[PDB]
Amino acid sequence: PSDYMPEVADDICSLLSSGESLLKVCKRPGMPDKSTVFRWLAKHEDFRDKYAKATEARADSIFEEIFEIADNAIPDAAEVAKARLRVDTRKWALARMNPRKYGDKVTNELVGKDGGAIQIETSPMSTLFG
């Protein structure tokens, strides 16, 4: 397909939601190529909105998938290395697909000199930096 076809776009959203990657989806019978999908996205806000929803769902699906990829890895050096690459790629992508949920989490205990208060000295500007 080249022309925008909502039924096809809807199927793409459903498959992505389940965790399937776009390039893999686009290899299925009757699907548009990825370039065409991105063109559809660019010109159709209805699709963009549903695709954004599908991306959130895709991330939640992948989050479960990474446990399976690790736990079921064939215990052969090259196969484990591949499983690691697949998991690392998904971890990286999840943080971008939903930063609030899957971004890194750090608690910073902020203290000052010698574990006392943070010491701050303010002074008049000494150069023209405005």
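Residue indices: 1-based, along the sequence shown.
Student: According to the deposited model, is the average Cα temperature factor higher in 78-86 or in 24-32?
Tutor: According to the PDB entry, the answer is 24-32.
Student: Mean CA B-factor: is it higher for 68-76 or for 91-99?
Tutor: Between 91-99 and 68-76, it is 68-76 that shows the higher mean C-alpha B-factor.
Student: By its CA B factor, does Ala42 count among the lowest, middle or highest third of the modelled residues in the chain?
Tutor: Its C-alpha B-factor belongs to the highest third of this chain's values.
Student: Going by the CA temperature factor in the PDB record, which third of the chain does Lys50 belong to: lowest, middle or highest?
Tutor: For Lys50, the deposited C-alpha B-factor lands in the middle third.
Student: Going by the entry, which third of its chain does the Cα temperature factor of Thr122 land in?
Tutor: Highest third of the chain for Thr122's C-alpha B-factor.
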